[PDB]
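Student: I have a structure here, written as structure tokens, and I will follow up with some questions on it.
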Amino acid sequence: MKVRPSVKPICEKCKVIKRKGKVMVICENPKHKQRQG
Amino acid sequence: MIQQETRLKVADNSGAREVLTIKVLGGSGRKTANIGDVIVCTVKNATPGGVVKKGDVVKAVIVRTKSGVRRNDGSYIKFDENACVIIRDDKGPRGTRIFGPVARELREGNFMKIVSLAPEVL
Amino acid sequence: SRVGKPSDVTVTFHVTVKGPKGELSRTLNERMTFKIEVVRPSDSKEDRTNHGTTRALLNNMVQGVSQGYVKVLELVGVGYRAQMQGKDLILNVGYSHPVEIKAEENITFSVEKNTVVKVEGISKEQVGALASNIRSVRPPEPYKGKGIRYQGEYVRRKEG
Amino acid sequence: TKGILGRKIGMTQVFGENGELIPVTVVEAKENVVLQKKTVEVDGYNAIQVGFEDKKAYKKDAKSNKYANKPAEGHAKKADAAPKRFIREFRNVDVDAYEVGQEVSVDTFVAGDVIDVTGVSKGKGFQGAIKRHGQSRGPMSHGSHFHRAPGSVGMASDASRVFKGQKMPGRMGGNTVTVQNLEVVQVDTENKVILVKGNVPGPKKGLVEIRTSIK
RNA sequence: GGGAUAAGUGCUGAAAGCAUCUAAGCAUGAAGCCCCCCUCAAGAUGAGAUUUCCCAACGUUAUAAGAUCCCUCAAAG
RNA sequence: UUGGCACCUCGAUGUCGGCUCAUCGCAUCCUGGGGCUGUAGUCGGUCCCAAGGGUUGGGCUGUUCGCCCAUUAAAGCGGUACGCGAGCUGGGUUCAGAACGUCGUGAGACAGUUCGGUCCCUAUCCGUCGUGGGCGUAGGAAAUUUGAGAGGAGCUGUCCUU
RNA sequence: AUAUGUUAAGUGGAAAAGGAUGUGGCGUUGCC
Ligand SMILES: CC[C@H]1OC(=O)[C@@](C)(F)C(=O)[C@H](C)[C@@H](O[C@@H]2O[C@H](C)C[C@H](N(C)C)[C@H]2O)[C@](C)(OC)C[C@@H](C)C(=O)[C@H](C)[C@H]2N(CCCCn3cc(-c4cccc(N)c4)nn3)C(=O)O[C@]12C
Ligand SMILES: [K+]
Ligand SMILES: [Mg+2]
Ligand SMILES: [Mg+2]
Ligand SMILES: [Mg+2]
Ligand SMILES: [Mg+2]
Ligand SMILES: [Mg+2]
Ligand SMILES: [Mg+2]
Ligand SMILES: [Mg+2]
Ligand SMILES: [Mg+2]
Ligand SMILES: [Mg+2]
Ligand SMILES: [Mg+2]
Ligand SMILES: [Mg+2]
Ligand SMILES: [Mg+2]
Ligand SMILES: [Mg+2]
Ligand SMILES: [Mg+2]
Ligand SMILES: [Mg+2]
Ligand SMILES: [Mg+2]
Ligand SMILES: [Zn+2]
């Protein structure tokens, strides 16, 4: 998990979602898992 | 009842004669050590030709104390002096002989070589 | 909703089926009527979202009452075993203690070779939860694949 | 569970199996009687009231607690027992296994039973922070004028006050204390004595309450 | 040890035909939160409960149950 | 923190370090939970949650700091008048003596140094720790109690077995 | 209180670069 103010897709498979009022990026690549914070 | 700066006779032939206690091992804030406990010490007095020399920082196991120890049967044993034995990491004595009586609690401490070499185990 | 817009089962509306493989009742959203077929009132955002999810839940109820659901887990690794201790499952997955997963109502366990476990039930959510717990007992590890994985799930493998 | 009242007699020792020395406290628990049964329906909770150490009957012009007053005498007669010196409630036990007026014998406990013992610790009067709170002394030499004082009691302008709970001199001891997970060493039906491993609160002759251990 | 949670992990699931831990639902998950353990506690003026004891006449006098004064004391001070 | 400003205090708001006693924050040192890893394992790196508890004994120096010795699960960083002198000390620092270097014609002086050098106060109020008396609690009284609420406690090592 | 709409953050009831399928209103265009 990368916790960062700037969350954005890192490849074409990254998907931007919103969970519990937080902007996240989920991906097949676990390294690309991101949460805003 | 051995604490920092307590001086101890050495009850072996490793070269050290008197040591000064640097630290009582076995946890933060530990103040006192007794028979079977391990101390870090410095050799203040040595005999010529010994393996252990004056100024060395070594580890020793306490083998008799003036405070003595209490056994579960309500009996006690006390000695006339505080004496220790210089040891290696393997708990084996650095010297090849042990002088004077040692307490039987060393056996529970697993200092079996020291117990074997002691002339009397009480 | 494109998702939002039966058989001899009851479908007797809250809903409560009486199909072959059990009843499987629930409540469903309280602002959506049915004629079956659900209908979306007021066309709002929440209305459309709830219409879609209610239709999905109803289809799931029908499928489970008719032909049930089955999730399959496989254990990978030398010595890994899954026994059926009566009704419950017992897992030997490399721990110092066997793991006891207790069976539940409208849910049945099966084991093949004491390696491939199967969970069967009327309720899709309950079957999924049971399978997820059996997986969570010891999930797959990326270096050798050892663990209780889903039968048709891809495992990402890393080198040494 | 189980409960009894007694007087602390004193400390002694015994030799256990394999000869180990077991320090023990002798408790004399004679004359224990169930005086009342409190229930949820009437009292709102389940408990048994136990009286201990019979006292003298009521007499006119009694001047001390040695003689029962009329309220206490009526309370005891309702149980058909002599008036008792000490009365305590036990909530841990099961009230359906006792009758009003029945004796609670030392044979209630058995050797090896794990118990909690409650009692009033020994009083010590007015004591300072060194003994009462176990604080450090100041230096005893090197010009020091600070030996057994409690030290600083707060901070500066913030907060301009001493906080509640500051440790200061005051009366020490005489507090209810429960020692947990002691063991019953021996029960002696004659002499009505229980031997408790270890030591318990209070002076000799002080009242102690023995209960089955909560943990 | 019990309950509820954090970061997490999910199941079912639409908006968005798919995907998605979430939007509605359903789980799980910390030495931490609330209890569990110990002590004080009804001036808790919201002043609670139980058992037992006592019962008068003309503010006054004498009293009940019950306390004290005074005296011998210590486990208390 | 070093500063900038000069708004409270010059009919006085005692300055550094230490001792005693703490208390709070979390940007967490340890312990608990978790994601990623260029995570094989044992170890690590990094980020997230988490303030319950814990978090050392010496050599040198007035020291704070820092270095070192030996430990420890760990030896966290900060706030509280750089917490705390009507609680203590008084080594240092604004005092009278004296000396060195240096500057000054001199009296004397110091990005300096050196030896010596008086620490007052019987607690009124609030606050805090204990301990009594009065009245109230719709009769009076003895004993046993419920628990609204409050306080306490909360750490962790090593070894064997698997 | 009245009418119309916006917000779901207790935003309202203290802040930035920057990040984001949060949600309302104008639109310009590509495909059908
Ligand atoms: C020991 C008693 C003296 O206290 C002190 O000396 C101290 C320890 F209390 C002291 O020094 C206080 C603390 C001083 O006050 C500080 O002054 C600073 C400038 C400021 C500070 N604050 C405001 C920041 C003030 O608190 C000062 C000036 O005293 C000199 C206070 C003033 C009011 C003052 O002069 C008073 C009157 C001072 N004094 C002159 C002593 C003069 C010196 N002396 C004489 C004697 C003596 C005489 C006769 C016989 C014997 N055996 C001894 N002992 N000591 C006395 O005769 O008595 C006291 C109270
Ligand atoms: K009351
Ligand atoms: Mg970036
Ligand atoms: Mg000290
Ligand atoms: Mg003195
Ligand atoms: Mg400033
Ligand atoms: Mg100006
Ligand atoms: Mg001034
Ligand atoms: Mg003034
Ligand atoms: Mg944090
Ligand atoms: Mg020296
Ligand atoms: Mg200060
Ligand atoms: Mg002060
Ligand atoms: Mg001069
Ligand atoms: Mg000159
Ligand atoms: Mg001198
Ligand atoms: Mg409470
Ligand atoms: Mg706000
Ligand atoms: Zn990606």
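We name chains A, B, ... following the order of the structure tokens; residues begin at 1 in each chain, and ligands are numbered from 1 as shown.
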Around ligand 9, at most 12 Å away and counting only C-alpha atoms (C1' of nucleotides) and all ligand atoms, which residues are there? Put them as a ChimeraX atom specification, please.

Tutor: /F:9-13

Student: Write down, as a ChimeraX atom specification, each residue of chain B that has any atom within 9 Å of an atom of chain F, counting only C-alpha atoms (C1' of nucleotides).

Tutor: /B:4,22-29,31,40

Student: Would you mind writing down, as a VMD selection string, each residue of chain B that DSSP on the backbone assigns to alpha helix (DSSP H)?

Tutor: chain B and resid 105 to 109 112 to 117

Student: The selected residues should be written to file as a compact mmCIF listing (two decimals), in the first residue's frame (atoms: N, CA and C atoms).

Tutor:
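And here's part.txt as it stands now:
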# COMPACT_ATOMS: atom_id res chain seq x y z
N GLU B 105 23.41 -25.28 43.58
CA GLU B 105 22.55 -24.58 42.63
C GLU B 105 23.20 -24.43 41.25
N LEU B 106 24.52 -24.56 41.17
CA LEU B 106 25.19 -24.52 39.87
C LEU B 106 24.70 -25.64 38.97
N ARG B 107 24.40 -26.81 39.55
CA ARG B 107 23.87 -27.92 38.78
C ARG B 107 22.55 -27.56 38.11
N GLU B 108 21.65 -26.92 38.85
CA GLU B 108 20.42 -26.43 38.24
C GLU B 108 20.70 -25.34 37.22
N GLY B 109 21.78 -24.59 37.41
CA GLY B 109 22.19 -23.61 36.42
C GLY B 109 22.84 -24.18 35.17
N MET B 112 27.75 -27.73 34.67
CA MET B 112 28.09 -29.09 35.08
C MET B 112 29.60 -29.31 35.13
N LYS B 113 30.35 -28.69 34.21
CA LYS B 113 31.80 -28.83 34.26
C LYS B 113 32.38 -28.23 35.53
N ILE B 114 31.88 -27.06 35.93
CA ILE B 114 32.32 -26.44 37.17
C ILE B 114 31.96 -27.32 38.36
N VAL B 115 30.74 -27.86 38.37
CA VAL B 115 30.33 -28.74 39.46
C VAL B 115 31.24 -29.96 39.54
N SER B 116 31.58 -30.53 38.39
CA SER B 116 32.46 -31.70 38.36
C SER B 116 33.84 -31.36 38.91
N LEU B 117 34.40 -30.22 38.52
CA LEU B 117 35.75 -29.89 38.97
C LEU B 117 35.80 -29.39 40.41

Student: What are the closest atom pairs, with distances in Å to one decimal, for all residues of chain F lying within 12 Å of ligand 2? Consider only C-alpha atoms (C1' of nucleotides) and all ligand atoms, order rows by chain and residue number, and present the result as a tab-separated table.

Tutor:
residue	atom	partner	partner_atom_place_in_ligand_line	distance
F:136	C1'	ligand 2	1 (K)	9.8
F:137	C1'	ligand 2	1 (K)	5.7
F:145	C1'	ligand 2	1 (K)	11.8

Student: Residues at most 12 Å from residue 8 (chain G), counting only C-alpha atoms (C1' of nucleotides), excluding those fewer than 4 positions away in the same chain, as a ChimeraX atom specification?

Tutor: /A:21 /G:12,22-23

Student: Name the residues, by chain letter and number, that sit within 10 Å of ligand 1 using only C-alpha atoms (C1' of nucleotides) and all ligand atoms, and give them as a PyMOL selection string.

Tutor: chain F and resi 12-15+118-121

Student: Given the selection you just returned, output its residues as a file containing C-alpha atoms (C1' of nucleotides), formatted as a PDB file, in the first residue's frame.

Tutor:
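Now in selection_27.pdb:
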ATOM      1  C1'   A F  12      11.861  42.895  41.517  1.00  0.00           C
ATOM      2  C1'   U F  13       7.979  37.858  36.954  1.00  0.00           C
ATOM      3  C1'   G F  14      15.301  34.317  40.865  1.00  0.00           C
ATOM      4  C1'   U F  15      19.049  32.769  35.581  1.00  0.00           C
ATOM      5  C1'   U F 118      26.049  34.505  53.213  1.00  0.00           C
ATOM      6  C1'   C F 119      20.256  30.539  48.999  1.00  0.00           C
ATOM      7  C1'   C F 120      15.453  34.520  54.132  1.00  0.00           C
ATOM      8  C1'   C F 121      10.105  33.360  54.919  1.00  0.00           C
TER       9        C F 121
END

Student: Quick one: everything within 12 Å of region 42-55 of chain C, counting only C-alpha atoms (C1' of nucleotides), minus sequence neighbours fewer than 5 positions away in the same chain. Send it as JSON, numbers by chain.

Tutor: {"C": [1, 2, 3, 4, 5, 14, 15, 26, 27, 28, 29, 30, 31, 32, 33, 34, 36, 37, 60, 61, 62], "E": [12, 13, 14, 15, 16, 17, 22, 23, 24, 25], "G": [23]}

Student: Using only C-alpha atoms (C1' of nucleotides) and all ligand atoms, which residues have at least one atom no more than 10 Å from ligand 12? Output them as a list in words.

Tutor: residues 155 and 156 of chain D; 15, 16, 80, 81, 82, 83 and 84 of chain F

Student: Could you pull out the residues sitting within 12 Å of ligand 7, using only C-alpha atoms (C1' of nucleotides) and all ligand atoms, and write them as a PyMOL selection string?

Tutor: chain F and resi 5-7

Student: Rank nothing, just name the residue among A:35, A:23, A:29, A:3 nearest to chain C, using only C-alpha atoms.

Tutor: A:29

Student: Run DSSP on the backbone and give me the residues of chain A it puts in strand (DSSP E or B), as a list in words.

Tutor: residues 2, 3, 4, 15, 16, 17, 18, 19, 22, 23, 24, 25, 26, 34, 35 and 36 of chain A

Student: Now that the selection is made, can you save its residues with N, CA and C atoms as a compact mmCIF listing (two decimals), in the first residue's frame?

Tutor:
# COMPACT_ATOMS: atom_id res chain seq x y z
N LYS A 2 0.65 2.13 -0.99
CA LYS A 2 1.23 3.47 -0.99
C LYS A 2 0.17 4.45 -0.50
N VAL A 3 0.43 5.11 0.62
CA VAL A 3 -0.44 6.15 1.15
C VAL A 3 0.14 7.48 0.71
N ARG A 4 -0.59 8.21 -0.13
CA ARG A 4 -0.05 9.42 -0.74
C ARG A 4 -1.17 10.42 -1.01
N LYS A 15 -7.00 0.86 -11.62
CA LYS A 15 -8.38 1.34 -11.58
C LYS A 15 -8.58 2.23 -10.36
N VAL A 16 -9.17 3.40 -10.58
CA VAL A 16 -9.42 4.37 -9.52
C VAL A 16 -10.81 4.12 -8.97
N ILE A 17 -10.89 3.88 -7.66
CA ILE A 17 -12.16 3.62 -6.99
C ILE A 17 -12.24 4.50 -5.75
N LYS A 18 -13.43 4.52 -5.15
CA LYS A 18 -13.66 5.26 -3.91
C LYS A 18 -14.27 4.30 -2.90
N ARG A 19 -13.61 4.16 -1.75
CA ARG A 19 -14.07 3.28 -0.68
C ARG A 19 -14.10 4.05 0.63
N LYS A 22 -12.64 7.46 0.60
CA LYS A 22 -11.22 7.61 0.29
C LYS A 22 -10.97 7.19 -1.15
N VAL A 23 -10.10 7.94 -1.83
CA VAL A 23 -9.75 7.66 -3.22
C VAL A 23 -8.61 6.65 -3.23
N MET A 24 -8.82 5.53 -3.90
CA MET A 24 -7.83 4.47 -3.95
C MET A 24 -7.60 4.05 -5.39
N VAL A 25 -6.48 3.38 -5.60
CA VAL A 25 -6.15 2.76 -6.88
C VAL A 25 -5.86 1.29 -6.60
N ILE A 26 -6.56 0.41 -7.30
CA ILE A 26 -6.34 -1.03 -7.17
C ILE A 26 -5.85 -1.57 -8.50
N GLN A 34 -2.83 1.84 -4.02
CA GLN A 34 -2.66 3.18 -3.47
C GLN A 34 -3.91 3.62 -2.74
N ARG A 35 -3.70 4.40 -1.69
CA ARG A 35 -4.75 5.06 -0.94
C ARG A 35 -4.35 6.51 -0.74
N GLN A 36 -5.32 7.41 -0.83
CA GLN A 36 -5.04 8.81 -0.56
C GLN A 36 -4.99 9.05 0.94

Student: Would you mind listing the residues within 12 Å of ligand 11, counting only C-alpha atoms (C1' of nucleotides) and all ligand atoms, as an NGL selection string?

Tutor: (:B and (5)) or (:F and (58-60))

Student: Do you know which residues are at most 10 Å from residue 21 (chain C) counting only C-alpha atoms (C1' of nucleotides), after dropping those on the same chain fewer than 4 positions away, and could you put them as an MDAnalysis selection string?

Tutor: chainID C and resid 9 17 63:68 106 121:123

Student: Write the residues you've just listed into a file as a PDB file, in the first residue's frame, and include N, CA and C atoms for each of them.

Tutor:
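Output saved as selection_23.pdb:
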ATOM      1  N   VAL C   9     -40.259 -22.643  -8.380  1.00  0.00           N
ATOM      2  CA  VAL C   9     -40.054 -22.108  -7.039  1.00  0.00           C
ATOM      3  C   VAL C   9     -41.213 -21.187  -6.681  1.00  0.00           C
ATOM      4  N   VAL C  17     -38.663 -17.592  -0.884  1.00  0.00           N
ATOM      5  CA  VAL C  17     -38.845 -18.682  -1.834  1.00  0.00           C
ATOM      6  C   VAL C  17     -39.119 -19.969  -1.071  1.00  0.00           C
ATOM      7  N   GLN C  63     -31.424 -18.744  -8.403  1.00  0.00           N
ATOM      8  CA  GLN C  63     -30.393 -19.700  -8.795  1.00  0.00           C
ATOM      9  C   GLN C  63     -30.033 -20.629  -7.641  1.00  0.00           C
ATOM     10  N   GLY C  64     -29.933 -20.086  -6.426  1.00  0.00           N
ATOM     11  CA  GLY C  64     -29.602 -20.915  -5.278  1.00  0.00           C
ATOM     12  C   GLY C  64     -30.705 -21.880  -4.897  1.00  0.00           C
ATOM     13  N   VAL C  65     -31.959 -21.424  -4.940  1.00  0.00           N
ATOM     14  CA  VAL C  65     -33.069 -22.320  -4.643  1.00  0.00           C
ATOM     15  C   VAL C  65     -33.170 -23.410  -5.699  1.00  0.00           C
ATOM     16  N   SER C  66     -32.861 -23.087  -6.957  1.00  0.00           N
ATOM     17  CA  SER C  66     -32.990 -24.071  -8.025  1.00  0.00           C
ATOM     18  C   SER C  66     -31.843 -25.074  -8.011  1.00  0.00           C
ATOM     19  N   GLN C  67     -30.614 -24.604  -8.244  1.00  0.00           N
ATOM     20  CA  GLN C  67     -29.478 -25.499  -8.434  1.00  0.00           C
ATOM     21  C   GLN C  67     -28.322 -25.228  -7.477  1.00  0.00           C
ATOM     22  N   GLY C  68     -28.502 -24.355  -6.488  1.00  0.00           N
ATOM     23  CA  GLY C  68     -27.491 -24.160  -5.465  1.00  0.00           C
ATOM     24  C   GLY C  68     -26.212 -23.516  -5.985  1.00  0.00           C
ATOM     25  N   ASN C 106     -27.612 -25.045   5.841  1.00  0.00           N
ATOM     26  CA  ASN C 106     -27.680 -24.860   4.391  1.00  0.00           C
ATOM     27  C   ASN C 106     -26.285 -24.823   3.776  1.00  0.00           C
ATOM     28  N   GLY C 121     -24.126 -24.951  -1.021  1.00  0.00           N
ATOM     29  CA  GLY C 121     -25.232 -24.378  -0.271  1.00  0.00           C
ATOM     30  C   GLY C 121     -26.189 -23.613  -1.156  1.00  0.00           C
ATOM     31  N   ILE C 122     -27.354 -23.313  -0.581  1.00  0.00           N
ATOM     32  CA  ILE C 122     -28.369 -22.554  -1.304  1.00  0.00           C
ATOM     33  C   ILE C 122     -27.975 -21.086  -1.407  1.00  0.00           C
ATOM     34  N   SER C 123     -27.354 -20.543  -0.360  1.00  0.00           N
ATOM     35  CA  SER C 123     -27.065 -19.116  -0.275  1.00  0.00           C
ATOM     36  C   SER C 123     -25.686 -18.822  -0.858  1.00  0.00           C
TER      37      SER C 123
END

Student: Show me which residues sit within 10 Å of ligand 3 when counting only C-alpha atoms (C1' of nucleotides) and all ligand atoms, and put them as a PDB file with C-alpha atoms (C1' of nucleotides), in the first residue's frame.

Tutor:
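Result written to selection-v9.pdb:
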ATOM      1  CA  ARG A   4      -0.051   9.425  -0.738  1.00  0.00           C
ATOM      2  CA  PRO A   5      -1.869  12.710  -1.386  1.00  0.00           C
ATOM      3  CA  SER A   6      -1.331  12.103  -5.117  1.00  0.00           C
ATOM      4  CA  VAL A   7      -2.882   8.792  -6.188  1.00  0.00           C
ATOM      5  CA  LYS A   8      -3.118   8.057  -9.904  1.00  0.00           C
TER       6      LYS A   8
ATOM      7  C1'   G G  18      -1.473  18.858  -5.957  1.00  0.00           C
ATOM      8  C1'   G G  19      -4.867  14.261  -6.463  1.00  0.00           C
TER       9        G G  19
END

Student: Could you pull out the residues sitting within 9 Å of ligand 10, using only C-alpha atoms (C1' of nucleotides) and all ligand atoms, and write them as a list in words?

Tutor: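 Written in the requested form, the residues are residues 26, 27, 28, 48, 49 and 50 of chain F.
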
Student: Export N, CA, C and O atoms (P, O5', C5', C4', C3', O3' and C1' of nucleotides) of the chosen residues as a PDB file, in the first residue's frame?

Tutor:
ATOM      1  P     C F  26      -2.267  13.084  20.626  1.00  0.00           P
ATOM      2  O5'   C F  26      -0.949  12.799  19.789  1.00  0.00           O
ATOM      3  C5'   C F  26      -0.550  13.651  18.724  1.00  0.00           C
ATOM      4  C4'   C F  26       0.717  13.146  18.087  1.00  0.00           C
ATOM      5  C3'   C F  26       0.605  11.744  17.483  1.00  0.00           C
ATOM      6  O3'   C F  26       1.351  11.657  16.274  1.00  0.00           O
ATOM      7  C1'   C F  26       2.330  11.783  19.104  1.00  0.00           C
ATOM      8  P     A F  27       0.594  11.557  14.862  1.00  0.00           P
ATOM      9  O5'   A F  27       1.775  11.344  13.821  1.00  0.00           O
ATOM     10  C5'   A F  27       2.717  12.374  13.564  1.00  0.00           C
ATOM     11  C4'   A F  27       4.130  11.848  13.529  1.00  0.00           C
ATOM     12  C3'   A F  27       4.657  11.302  14.849  1.00  0.00           C
ATOM     13  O3'   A F  27       5.685  10.353  14.574  1.00  0.00           O
ATOM     14  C1'   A F  27       5.879  13.237  14.250  1.00  0.00           C
ATOM     15  P     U F  28       5.426   8.779  14.730  1.00  0.00           P
ATOM     16  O5'   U F  28       5.613   8.509  16.290  1.00  0.00           O
ATOM     17  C5'   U F  28       6.869   8.705  16.928  1.00  0.00           C
ATOM     18  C4'   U F  28       7.434   7.415  17.473  1.00  0.00           C
ATOM     19  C3'   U F  28       7.692   6.320  16.440  1.00  0.00           C
ATOM     20  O3'   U F  28       8.788   5.521  16.883  1.00  0.00           O
ATOM     21  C1'   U F  28       6.122   5.549  18.025  1.00  0.00           C
ATOM     22  P     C F  48       3.103   6.759   7.198  1.00  0.00           P
ATOM     23  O5'   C F  48       1.870   5.781   7.417  1.00  0.00           O
ATOM     24  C5'   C F  48       0.752   5.818   6.546  1.00  0.00           C
ATOM     25  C4'   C F  48      -0.268   4.768   6.904  1.00  0.00           C
ATOM     26  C3'   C F  48      -0.740   4.749   8.347  1.00  0.00           C
ATOM     27  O3'   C F  48      -1.677   5.762   8.657  1.00  0.00           O
ATOM     28  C1'   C F  48      -0.288   2.546   7.646  1.00  0.00           C
ATOM     29  P     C F  49      -1.708   6.378  10.137  1.00  0.00           P
ATOM     30  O5'   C F  49      -2.403   5.248  11.013  1.00  0.00           O
ATOM     31  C5'   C F  49      -3.675   4.732  10.666  1.00  0.00           C
ATOM     32  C4'   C F  49      -4.066   3.591  11.569  1.00  0.00           C
ATOM     33  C3'   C F  49      -3.952   3.846  13.061  1.00  0.00           C
ATOM     34  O3'   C F  49      -5.036   4.592  13.573  1.00  0.00           O
ATOM     35  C1'   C F  49      -3.082   1.710  12.544  1.00  0.00           C
ATOM     36  P     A F  50      -4.809   5.625  14.779  1.00  0.00           P
ATOM     37  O5'   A F  50      -4.184   4.745  15.949  1.00  0.00           O
ATOM     38  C5'   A F  50      -4.934   3.733  16.599  1.00  0.00           C
ATOM     39  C4'   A F  50      -4.068   2.936  17.540  1.00  0.00           C
ATOM     40  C3'   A F  50      -3.276   3.747  18.549  1.00  0.00           C
ATOM     41  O3'   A F  50      -4.056   4.146  19.656  1.00  0.00           O
ATOM     42  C1'   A F  50      -1.867   2.130  17.558  1.00  0.00           C
TER      43        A F  50
END
